[PDB]
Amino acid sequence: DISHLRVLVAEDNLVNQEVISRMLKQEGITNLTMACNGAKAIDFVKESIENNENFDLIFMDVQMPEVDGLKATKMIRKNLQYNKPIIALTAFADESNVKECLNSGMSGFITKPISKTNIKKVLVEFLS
């Protein structure tokens, strides 16, 4: 009952992209877009708003080259006016970097490595 969702995953680690994609597919997601950095992420969101192929949810790796997840999240929130959930993927969450994430406009976070339970929880909490 979740094949209606369209999900964007921004992750600069290709092994990680495959892992999260497989998890999302196992949960029933069929509409998935991968972004290798924050610049690609911004580009994909802009298109989705224009074309009514809107993303229901974004998973945003915090640390990526060229444009990181924090900069991408700020652009997506404030420039593109995207107001749906953005979930940070973080290798390390401490007081300083969490405040930075929240200030960027993140809706929540998962510490890497992610588990299927984390995906299920995000879906029920944000997209029920």
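A residue's number is simply how far along the shown sequence it sits, counting from 1.
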Averaging only over Cα atoms, indicate whether 23 to 31 or 74 to 82 has the higher B-factor in the PDB entry.
23 to 31
Between 61 to 69 and 41 to 49, which has the higher average C-alpha B-factor in the PDB entry?
41 to 49
Maximum C-alpha temperature factor, selected from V15, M106, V9, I110
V15
Where does the C-alpha B-factor of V98 rank in its chain, lowest, middle or highest third?
middle
